[PDB]
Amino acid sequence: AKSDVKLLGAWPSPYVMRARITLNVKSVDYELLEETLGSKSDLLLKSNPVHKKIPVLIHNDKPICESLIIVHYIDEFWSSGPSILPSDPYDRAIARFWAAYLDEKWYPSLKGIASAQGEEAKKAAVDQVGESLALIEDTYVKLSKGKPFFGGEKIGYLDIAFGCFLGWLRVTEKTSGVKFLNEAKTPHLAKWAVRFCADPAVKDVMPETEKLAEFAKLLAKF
């Protein structure tokens, strides 16, 4: 509710988008406190002294940091709402694994596109994203088993872990002039991304690619 739950956030952040989507799924009302480029709110400094990063969930004045730890907490606390993590332990392990792979391997390689110097090191980095996308496409096929989401009939953990990145992937496409996810290259993921973005829990916190692209260059600021 607006009282007991605050989210420290910033609308362009994929990591923060993970928390908002998960709160929506649970039908948890909350207060959204937005950070600004170039400064830190006193409440952030207080709540996340170790990392000073967003998102931070503040529940009855108790802070929870790190997006995936926050998703887990919302799922373990509001455990009577719709399940975010899969029911079965083995399936939970698979889902955690692929979320960890996205933060460790995939998203860093996405950013390494806007970071490569030379038209060789760029194309090499493009090949790495495409390849990891093929892994992700196959994973979705094996996990979803004909159902709309990674988590089956309903958006789950992995949906949220990967889906949060859709805005920045679409931005990365336009600026690199490379399409990564579409009907032709990744037919299952393309169908999945349509469902995910139109889901009610997602629809209103997933930013238009147009806005996000412009903030992307507002972040042209060394």
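Residues carry their position along the shown sequence, with the first being 1.
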159-167 or 177-185, whichever carries the higher mean Cα B-factor: 177-185
125-133 or 87-95, whichever carries the higher mean Cα B-factor: 125-133
Peak C-alpha temperature factor (PDB record), options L143, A100, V71, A114: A114
Modelled-residue ranking by C-alpha temperature factor, third containing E104: middle
Third of chain Cα B-factors occupied by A213: highest
Where the record places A19 (Cα B-factor, split into thirds across the chain): lowest
Chain-wide C-alpha B factor ranking for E120, given as lowest, middle or highest third: highest
Third of chain Cα B-factors occupied by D29: highest
